[PDB]
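Asks: This one's experimental. Sequence and coordinates below.
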Amino acid sequence: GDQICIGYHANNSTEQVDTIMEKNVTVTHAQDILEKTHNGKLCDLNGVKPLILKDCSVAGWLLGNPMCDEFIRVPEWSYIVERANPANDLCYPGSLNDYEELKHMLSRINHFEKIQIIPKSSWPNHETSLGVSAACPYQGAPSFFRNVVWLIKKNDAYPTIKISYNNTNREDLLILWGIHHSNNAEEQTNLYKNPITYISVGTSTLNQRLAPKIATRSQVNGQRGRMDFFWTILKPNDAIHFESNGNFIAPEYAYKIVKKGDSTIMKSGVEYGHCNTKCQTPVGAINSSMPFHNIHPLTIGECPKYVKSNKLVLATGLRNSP
Amino acid sequence: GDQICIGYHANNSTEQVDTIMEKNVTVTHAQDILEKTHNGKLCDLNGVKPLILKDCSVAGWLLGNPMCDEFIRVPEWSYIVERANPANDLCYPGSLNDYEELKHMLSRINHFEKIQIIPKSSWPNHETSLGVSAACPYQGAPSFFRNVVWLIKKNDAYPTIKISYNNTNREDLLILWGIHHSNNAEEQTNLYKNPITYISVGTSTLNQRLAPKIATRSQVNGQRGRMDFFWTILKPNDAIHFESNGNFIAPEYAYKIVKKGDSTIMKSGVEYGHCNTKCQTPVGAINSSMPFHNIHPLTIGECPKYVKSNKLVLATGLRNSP
Amino acid sequence: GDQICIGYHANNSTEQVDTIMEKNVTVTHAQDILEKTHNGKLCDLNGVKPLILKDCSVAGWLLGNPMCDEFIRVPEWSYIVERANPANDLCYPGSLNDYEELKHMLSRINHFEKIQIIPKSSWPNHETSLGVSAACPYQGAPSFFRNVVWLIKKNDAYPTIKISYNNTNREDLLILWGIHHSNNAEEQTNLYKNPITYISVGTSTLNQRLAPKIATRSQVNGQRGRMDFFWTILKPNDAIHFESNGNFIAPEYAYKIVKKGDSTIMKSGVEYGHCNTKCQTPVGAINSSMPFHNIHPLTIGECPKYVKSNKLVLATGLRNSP
Amino acid sequence: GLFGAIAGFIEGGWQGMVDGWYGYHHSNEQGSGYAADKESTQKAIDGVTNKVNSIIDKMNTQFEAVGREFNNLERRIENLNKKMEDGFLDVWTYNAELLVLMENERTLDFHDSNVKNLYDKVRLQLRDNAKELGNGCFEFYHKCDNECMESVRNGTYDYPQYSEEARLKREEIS
Amino acid sequence: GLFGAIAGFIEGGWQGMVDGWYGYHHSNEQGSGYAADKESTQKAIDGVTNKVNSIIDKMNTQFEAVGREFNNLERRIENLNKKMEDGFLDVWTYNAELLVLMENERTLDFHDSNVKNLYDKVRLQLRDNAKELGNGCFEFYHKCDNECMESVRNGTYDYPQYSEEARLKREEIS
Amino acid sequence: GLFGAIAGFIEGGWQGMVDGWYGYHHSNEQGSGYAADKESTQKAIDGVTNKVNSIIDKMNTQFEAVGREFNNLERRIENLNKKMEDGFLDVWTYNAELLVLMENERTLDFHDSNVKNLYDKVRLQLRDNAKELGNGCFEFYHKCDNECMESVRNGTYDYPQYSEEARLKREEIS
Ligand SMILES: CC(=O)N[C@H]1[C@H](O[C@H]2[C@@H](O)[C@@H](CO)O[C@@H](O[C@H]3[C@H](O)[C@@H](O)[C@H](O)O[C@@H]3CO)[C@@H]2O)O[C@H](CO)[C@@H](O)[C@@H]1O[C@@H]1O[C@H](CO)[C@H](O)[C@H](O[C@]2(C(=O)O)C[C@H](O)[C@@H](NC(C)=O)[C@H]([C@H](O)[C@H](O)CO)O2)[C@H]1O
Ligand SMILES: CC(=O)N[C@H]1[C@H](O[C@H]2[C@@H](O)[C@@H](CO)O[C@@H](O[C@H]3[C@H](O)[C@@H](O)[C@H](O)O[C@@H]3CO)[C@@H]2O)O[C@H](CO)[C@@H](O)[C@@H]1O[C@@H]1O[C@H](CO)[C@H](O)[C@H](O[C@]2(C(=O)O)C[C@H](O)[C@@H](NC(C)=O)[C@H]([C@H](O)[C@H](O)CO)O2)[C@H]1O
Ligand SMILES: CC(=O)N[C@H]1[C@H](O[C@@H]2[C@@H](O)[C@H](O)O[C@H](CO)[C@@H]2O)O[C@H](CO)[C@@H](O)[C@@H]1O[C@@H]1O[C@H](CO)[C@H](O)[C@H](O[C@]2(C(=O)O)C[C@H](O)[C@@H](NC(C)=O)[C@H]([C@H](O)[C@H](O)CO)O2)[C@H]1O
Ligand SMILES: *[C@@H]1O[C@H](CO)[C@@H](O[C@@H]2O[C@H](CO)[C@@H](O)[C@H](O)[C@H]2NC(C)=O)[C@H](O)[C@H]1NC(C)=O
Ligand SMILES: *[C@@H]1O[C@H](CO)[C@@H](O)[C@H](O)[C@H]1NC(C)=O
Ligand SMILES: *[C@@H]1O[C@H](CO)[C@@H](O)[C@H](O)[C@H]1NC(C)=O
């Protein structure tokens, strides 16, 4: 007689899925929920370009390392890009205090503006032009950090400094200063004329006293001397008071800074690509809605959950037989 | 003929659950496993009352800020409640060393008791009633922290202090002291008569020597000077040895302290409710057995896991159709 | 007529499993995936034996506490086993700076060898045989840490020390030195003849200045004095520079050190067992492929996930009927 | 539906049955009414009761104190704590939402199987003595009193009794 | 699967079926062809689309910045961050892998159930008016039009019409 | 269970059957014994073994060194580590316990399904040549040797063997 049959779909498809009880099952249609693709470029994060320090560290950028490129106005950024080992960090050897907290705080900045707070004219009793070193060469000539001044004795005398700066701006100020550790007693007098010296820094919260550590040290960038740099945030209508009789690396520029959100520092050599994204990795940005990915763990932004997987394939069609 | 049928329950049910393959499915019976309700009060934690500082920080409470309560009414607390920005922290500007670790230790205290270790009669050669400041007002008059004494020169002389205290109690002692940073040389000699001063504090484990940092600073609470406070735990049968020739903020009262468990500090403006709970949140206590909640992440106690959900409704009854 | 039936396996099995709707269900076969057994001994971790300090702390071992055992020349270890409260830590009271970071670094070392860097003949104008204390006895006589030398004045004179050591080895050196804090002015001049003293230590990265803190302290191990020890990693071809006019605990031995991986310190009293494992706990090693265990949280190696459970019984057979 | 019972060969729901979840509706010479299978409906209730309690009581909770104890020079550690709290929120939120979706689907398919299991039990007893209409009812070929109806509900149906009578209404009606 | 329809009585899978997931194949004197159960496939299409979107959308994502901001004297804290990142990766990997395995099993039995639910939909209309072959096919005891073929797919089959006709080949053909 | 075989109409734990999981009980003239289906059981052994292995092998395990490396002035960081360890303990405990509970039911409904599948295979293998007793057993309408039953076990019985012969003894019992 007449015949009627019941059957399901099949197609030319070698797509594979796995189940809890059966391995290596071929299906008609399947979907992968594991993101594995990126654009290979560093992109803007939610419409804000990153601050790309080419080969400079944050400390060299902030202090004005002469080998680092001249300050270009980047009034805002969403994250900072450094190379794995920045070459130009501190041309004169030493340290920057609380460096990692400072780097974390500068990772995402809403407004960043460099201003002059103490011009080199404001040191009439001290030499302001001999503060140079072969460890900080510019155009082959000995130089120094741009944004600070290395004061030296004038007329074989170093009168005690007593200067203040009141923050009249509407925004917080990032201020950096330093102390120079000389190599021996003779070098201490040759530069500052005062054998025993100090530095005092005062604000509404900061109460700092520093003394030079005159000792024998190993040569770094050809110099046995050291400079220790320090920073503070001067809130509006507060003032910072400096006082020293030697070894003082005075600020000249400061930075008006407004901070709204948080980020981190990304280590990458990948180039900027004039794109936009909501999830960024050191190897490229991610444009996806998947819940999982396996590209890189050091992501910044709203990103899929990082897993150790090559594929997470979900069966949508029927079991396809050849 | 006669008929028998197979069917299932239906009722006046408008209640919708979602499945992995379907959404807005109306069922007969359902249950939510997400806790959303709290009593809106701060309660005891497993029978122990919290230490509720009204507008005082931990530092102001310990040192005896004049605008904070003078008598410990609670020998034991399960957690500490502070307001977001307490008004009475350190009337005289300065700092308290290792403040966050001290606060964490005091978060849950089994026994607390203020005792007098060094009476004011122990300073016969020093002034013990001129140590007041307009930064610490009390009833329209300059005052000072109640639990420490600001020693001043007497008869234009500040003899070297050499005093020791032995912990004859069976419990650990929390002891606080301080150093005063002068504003200038003239003020230093006006208060202590000794131009170069020091503070030495020694126990079996503590070994501290401090010198004042005489420098210009911004006015805070009307004062440019500062006081740095420090603390230690003096174990039973150990002694603390003090030596100073000026700038010494001596202890008068200490605290017998017994700690047997850990907690944290809760930031909340909610009022005490004379209730008990095993799970407290800044917005209210939780009385539940549910595995999940969405009330607040900053919980103290045995609490359900905090999730970002408005509903977790489990289907228990059958599918319901109108 | 003839008959054919359908049925399933049952046997004499009392295994009970739980399921999301039924409890205490008897099955034929069941498999427990919770790991519960350990060998009760401390083992090698991936073929590398641990460093077992018996009753010596890490600090006492590095500094050569005479009350501890002698250096038994362990070349390499995978993790460190300390007792809960080691008896011999610092025979002369004091501290070792950055102790926890030092222990974390030393937790797993690929090569370790003590070498002499500054022989005792390098101190001709100083006494090298008086630096002993009854707090560090050896065979009843007063002694001292074996790897450092406590230098004392000679002919009522303590000439200023200026000595450098260049790391000509191809491995990093771990170097330790100390400062001794005197009890009073007379004891200071009795030992060092110089009333005001300092220690300066410099490398390519280290710039350290220390001064003694002369103060009254409680007796520990019979002594009111204190010794603070410090450490640095001297890179190959770098040099360390020491300068002092008193209170200097000089290095004599250093340690060539190569670190390839990371580990932690295990606190246990369990005896070594001449075994091998991939997962170690303070109560014994685990040899399993299961994903979960309930033995101990403080594990070192590739271990199953720690859960709070007494059984995770997976039913693999059918429902059993007696 | 998976088992094709609630929306399969049954296509409604009995508002008039107020004493159980699964049951029977009879229609004989003595009238009509509803009756619920007490055993299969209690097996269902204790099931979902256990499922709800298993989801609740398997949650391990410990004492914890959650605060903000790091100052403005410890923001990196504070950020580390932030990534920890956010990570556990994401884990618990995803696991809770999917557990609800997966078990609700299993719960609704649990009722389909029980309903389809009750139909098969009646189908096995009646055999040729009744005709399957298709919607989940059986048209009896014989006279079924209220205790023949109860005989079906308590599973004590006597086939030899009505075996010949059902033949009289089966083939003799052409 | 569980319901015994993909690897049970039906040992096929029709490549010529290209406008649906489940369907029918008819064989009468007017020809042959493939027909799609648009109702059956639409429920399945929305079911797996909703399952895919639920796994995607229930995942809660927050802004995070993951870097390496601790220096060489903060290794213990750095190790704490390492243990945290490894812990979340292990949690997410294990749950994501097992989610795929468990729900792939449900999907492959969802299609298995749908085929069975469609085989019984055809069967319950035909009853003894047709004959089962044993390979997912039915042999009728009467002629079927292209309208009657569309009637079986529709669900509007008329048993009484061909019932008296079906007896002319059931007991007659011995 | 769900499909209704372990606790449905079979409702029998065959203690005397110790040779496998899924089988048959036969009672013909030549004797009475048991016999298992090689394909049905081996697909269940390979299923439960693959399920157990997938639960084990999917776990990513990494080298970790868990200690207590913070001192008494770093108690906040130690608390942060404690909340991290206890959080992961709670996450794994809940997932491990529920996964055991959830997949034990899927396991038992797998055995429950397979037993019913074997019954449906025999039902399609015998058809009108046999009756349906009710407890999973069939009453043959003809003589079945020990060679005709092996044609049923491997699934190769054809109508030529018994088409009219079964109809005789079927209609003899009237
Ligand atoms: C000036 C100089 O280069 N001096 C280096 C010194 O050179 C000597 C020798 O070669 C000597 C040989 O006998 O001859 C000297 O010249 C003689 C000549 O022989 C005669 O014929 C002639 O008639 O008289 C001459 C003298 O009047 C020649 O001057 O050699 C030593 C040993 O190699 C070398 O270290 C000297 O180089 C200087 O060393 C000092 C160390 O104290 C510093 O590192 C100097 O570096 C600088 C730097 O570039 O950073 C120089 C900067 O100008 C200076 N800046 C400031 C603000 O002071 C800094 C600063 O002093 C330190 O960094 C702070 O610690 O240092 C380095 O050039
Ligand atoms: C030398 C000695 O015994 N000194 C201890 C001192 O001894 C006194 C008392 O016993 C006294 C009782 O009234 O009698 C004195 O003897 C008299 C006696 O009265 C008469 O009967 C007799 O006829 O004449 C005698 C003349 O001597 C006796 O001299 O007692 C005090 C108080 O009890 C005790 O502290 C002295 O012990 C020394 O104390 C100092 C601190 O003051 C140190 O801790 C010494 O310990 C050591 C140590 O072992 O660490 C000694 C080491 O040799 C030394 N090492 C170096 C490199 O210098 C170290 C080091 O100085 C410190 O550690 C630096 O901080 O200290 C301890 O022996
Ligand atoms: C003593 C005083 O109030 N001086 C006051 C000064 O003198 C007024 C004068 O204007 C008025 O016309 O006559 C008055 C008497 O009739 C009186 O003599 O007025 C100027 C106006 O600009 C004020 O600056 C000045 O105020 C004092 O200035 C001090 C030095 O700067 C210091 O700040 C004083 O504050 C106290 C304080 O209240 O904290 C005064 C305390 O007694 C003192 N306590 C101790 C133990 O010494 C305290 C201490 O010196 C510092 O805190 C240490 O750093 O300072 C302030 O009143
Ligand atoms: C330690 O000694 C080595 C050599 O034994 C020094 O290394 C040399 O340093 C000079 C000076 O810059 C270089 O020109 C040579 O190329 C180096 N040679 C080698 C083989 O390294 C090293 O500078 C010394 N270190 C210190 C801190 O003085
Ligand atoms: C800075 O200037 C403002 C306005 O002139 C003043 O109110 C404020 O007190 C000054 N700050 C200090 C620290 O002197
Ligand atoms: C405190 O007094 C006890 C009383 O026995 C004494 O043993 C102890 O040494 C004293 N503590 C000191 C001196 O630090």
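Replies: Yep, that arrived. Numbering: from 1, shown residues only, chains lettered A, B, ... in the order given. Ligands and ions are numbered 1, 2, ... in the order given.
Asks: drop to CA atoms for contacts and neighbour counts, all remaining ones
Replies: Fine.
Asks: so where does residue A:137 fall, helix or strand?
Replies: Here residue A:137 sits within strand A:133-138, counting by DSSP states H and E.
Asks: How about that strand and ligand 1, any contact?
Replies: Yes. Contact of strand A:133-138 with ligand 1 (Cα under 6 Å from any ligand atom) involves A:133, A:134, A:135.
Asks: Report the residue ranges of every domain in chain A.
Replies: A:1-37+A:288-322, A:49-267 (automatic domain parsing).
Asks: Need the nearest residue in space to the residue sitting nearest the centre point of chain D, chain neighbours excluded.
Replies: With distances taken as Cα atoms, centre = their mean, the residue of chain D nearest its centroid is residue D:111 (1.8 Å). Excluding the flanking residues, the one nearest residue D:111 by Cα to Cα, 6 or more residues apart in numbering or on different chains is residue B:318, at 6.4 Å.
Asks: Let me know the distance separating that neighbour from ligand 6.
Replies: 76 Å (Cα to the nearest ligand atom, to the nearest Å).
Asks: quick one, what contacts that residue?
Replies: Going by Cα atoms under 8 Å, 6 or more residues apart in numbering or on different chains, residue B:318 touches B:8, B:9, B:10, B:27, B:28, B:29, D:21, D:108, D:111.
Asks: mind checking the SS state of residue D:100?
Replies: Classification of residue D:100 using DSSP: H, G, I helix; E, B strand; the rest coil returns helix.
Asks: give me the element the residue nearest to the centre of chain D is part of.
Replies: helix D:75-126.
Asks: tell me what that helix is packed against?
Replies: For helix D:75-126, the packing partners by 3 or more Cα pairs under 8 Å, 6 or more residues apart in numbering or on different chains; DSSP states H and E come out as helix A:99-105, strand B:3-8, strand B:305-306, strand B:313-315, helix D:38-57, helix E:75-126, helix F:75-126.
Asks: Let me have these in a markdown table, extended by distance to ligand 6.
Replies: Output for those, formatted as a markdown table (distance: least, Cα to the nearest ligand atom, whole Å):
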| stretch | distance to ligand 6 |
| --- | --- |
| helix A:99-105 | 41 |
| strand B:3-8 | 83 |
| strand B:305-306 | 49 |
| strand B:313-315 | 64 |
| helix D:38-57 | 54 |
| helix E:75-126 | 35 |
| helix F:75-126 | 27 |
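Asks: Spatially, what comes nearest to the closest residue to chain A within chain D if we skip its sequence neighbours?
Replies: Nearest to chain A in chain D, going by Cα to the nearest Cα, is residue D:73, at a distance of 6.3 Å. Closest residue in space to residue D:73, ignoring its immediate chain neighbours: residue A:101 at 6.3 Å, by Cα to Cα, 6+ apart.
Asks: Next, count neighbours for that neighbour.
Replies: 18 (other Cα atoms under 10 Å in any protein chain shown).
Asks: From chain F, how far off is it?
Replies: 17 Å (Cα to the nearest Cα, to the nearest Å).
Asks: could you show me where the helices are in the stretch 151-300 of chain A, in order?
Replies: A:185-192 (DSSP state H, counting those that start in this stretch).
Asks: Quick check: phi and psi at the residue in chain D that ligand 5 sits nearest to.
Replies: Of all residues in chain D, residue D:72 sits closest to ligand 5, at 21.5 Å by Cα to the nearest ligand atom. Per-residue torsions, residue D:72: phi -80, psi -10 (degrees, to the nearest 10).
Asks: measure it to ligand 6 for me?
Replies: 38 Å.
Asks: you'd agree residue A:276 is up against residue A:50?
Replies: No. Residue A:276 is not in contact with residue A:50 according to Cα atoms under 8 Å; the separation is 10.6 Å.
Asks: Next, show the common contact partners of the two.
Replies: With Cα under 8 Å, 6+ apart as the test, residue A:276 and residue A:50 both reach A:43, A:44.
Asks: Stretch A:101-117 spans what distance, first to last residue?
Replies: 24 Å (Cα to Cα, to the nearest Å).
Asks: before we move on, what about stretch A:85-97?
Replies: Per Cα to Cα, the first residue of stretch A:85-97 is 19 Å away from its last.
Asks: For chain A, which residue gets nearest to ligand 4?
Replies: residue A:218 (4.9 Å).
Asks: Surely that residue touches residue A:224?
Replies: Yes. Between residue A:218 and residue A:224 there is a contact under Cα under 8 Å: 5.5 Å.
Asks: Can you give me the buried ones in stretch D:153-165?
Replies: By 16 or more other Cα atoms under 10 Å in any protein chain shown, the buried positions in stretch D:153-165 come out as D:153, D:157, D:162, D:163.
Asks: Tell me the secondary structure at the second one.
Replies: Classification of residue D:157 by three-state DSSP places it in coil.
Asks: mind checking which helix or strand the nearest residue to it once chain neighbours are set aside is in?
Replies: Spatial nearest neighbour of residue D:157, excluding adjacent residues (Cα to Cα, 6+ apart): residue D:151 at 5.2 Å. Remark: residue D:151 resides in helix D:146-153, with elements defined by DSSP H and E.
Asks: Okay, angle between the helix or strand following that helix and helix D:75-126 too, please.
Replies: As assigned by DSSP H and E, the chain's next helix or strand after helix D:146-153 is helix D:159-170. Counting by axes from the mean of the first three to the mean of the last three Cα atoms, to 10 degrees, helix D:159-170 lies at 70 degrees to helix D:75-126.
Asks: and the gap between the closest residue in space to residue D:81 that isn't next to it in sequence and residue C:27?
Replies: In space, and not counting its chain neighbours, residue D:81 is closest to residue F:80: 6.9 Å by Cα to Cα, 6+ apart. Applying Cα to Cα, the value for residue F:80 to residue C:27 is 43 Å.
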